[PDB]
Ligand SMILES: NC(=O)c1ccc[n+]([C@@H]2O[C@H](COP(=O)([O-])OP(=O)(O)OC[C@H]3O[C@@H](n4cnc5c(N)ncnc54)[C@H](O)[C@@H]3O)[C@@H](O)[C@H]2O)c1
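The chain below stands alone and is given in structure tokens; this is the form deposited without this ligand.
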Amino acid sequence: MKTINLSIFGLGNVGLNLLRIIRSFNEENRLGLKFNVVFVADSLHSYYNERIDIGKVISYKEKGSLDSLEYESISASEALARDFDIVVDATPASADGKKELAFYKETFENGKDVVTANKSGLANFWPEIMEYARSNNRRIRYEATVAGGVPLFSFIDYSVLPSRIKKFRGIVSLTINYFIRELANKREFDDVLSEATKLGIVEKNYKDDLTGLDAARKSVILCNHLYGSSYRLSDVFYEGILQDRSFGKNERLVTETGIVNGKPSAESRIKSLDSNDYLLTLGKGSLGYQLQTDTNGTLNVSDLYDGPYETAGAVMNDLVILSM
């Protein structure tokens, strides 16, 4: 019954799976919703149509032949001025967050909401983004930015409303933790790196993950959402593994946020956890966290395996929340 029009920016693993999810959702949902896509962009192409054929976009993108699509081409700024409801940002993250900030400003000014899977704008320019949203009376959600497809922001926003959240601890950065755990198997860094590269576990440029900066960016978003702080990266603590030492079987890079000495605090630190720690029960592919609350107890939430499809499922959850 109700049709919501989307413009999707980014067709990497998350954005492409989001298209697949939209098609199945439109077919199957009991929610009285239909999502219509009017615009898709990737790094090479930007296509607009009143009713993009989502199946065709998926097919052409899988075949590596979006070149051959005959839709109107318009720039991102032009697309933002067309009539639609919500922007999805599944683009590559910039180093400094400026392109994301400028993009959300232009989105809100054009009267659209944002759902993002890109954490860069939020980790660097949170108060500016929220002020543009407020100014323009628009909304932004960002489930997929921290803990992938594991409900976290929706969990906070709809499941523990009565609490004033006392503390978050979790494994939210898997690649650095993978390396830590392999090193604890008494392996050499260069052997771990070599294999992780062949497996596609680690990128060509692994610095952001292995210095703990990926965790730090996530912790800014977490801390600001939980405590209403306006932090940027410089407000949080982090550390990484790049320093020669042995690691124990119980060490993890744990991201923790709470109000400490009256001030919101966020830190990602390598800790040797007690043997019965819930975080030690998580597999190398599993994101999870412990949420300590003053009214809804201490809650443990995790998935079994993190991946882009479940991440795109979190984006889709945000889209439904904004629509309903």
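Residue numbers here begin at 1 and follow the sequence given.
Missing deposited residues between residue 242 and residue 243: 1 to 3, all without coordinates in the entry. Looking at 28-36 and 285-293 together, the entry lists the larger mean B-factor for 28-36, computed on C-alpha atoms. For the pair 155-163 and 249-257, the mean Cα B-factor is higher in 249-257.
Of the candidates 124, 211, 224, 205, the one whose C-alpha carries the top B factor in the deposited record is 205. For the set 142, 189, 103, 168, the maximum C-alpha B-factor listed in the entry falls on 189. When the modelled residues of the chain are ordered by their C-alpha B factor, residue 184 lands in the highest third.
In this PDB entry, residue 177 carries a Cα temperature factor that places it within the middle third of its chain's modelled residues. The deposited CA B-factor of residue 193 belongs to the highest third of values across its chain. Among the modelled residues of the chain, residue 120 sits in the middle third by CA temperature factor in this PDB entry. For residue 99, the recorded CA temperature factor ranks within the middle third of the chain's modelled residues.
There is another form of this protein, the form solved in complex with this ligand, and it is not shown here; the text below is about that form.
Picking from 187-195, 84-92, 160-168, 247-255 the stretch near this ligand in the bound PDB entry, with a 4.5 Å limit on heavy atoms, gives 84-92.
At the 4.5 Å threshold, heavy atoms of residue 42 reach this ligand in the bound PDB entry. Using a 4.5 angstroms threshold between heavy atoms, residue 118 counts as touching this ligand in the bound PDB entry. By the criterion of a heavy atom within 4.5 Å, residue 313 is excluded from the residues contacting this ligand in the bound PDB entry.
Interface membership of residue 14, defined by any non-hydrogen atom within 4.5 Å of this ligand in the bound PDB entry, is confirmed.
Screening 144, 123, 176, 223 for any heavy atom within 4.5 Å of this ligand in the bound PDB entry leaves a single hit, 144.
Residues of 282-315 placing a heavy atom within 4.5 Å of this ligand in the bound PDB entry, in sequence order: 307, 308, 311.
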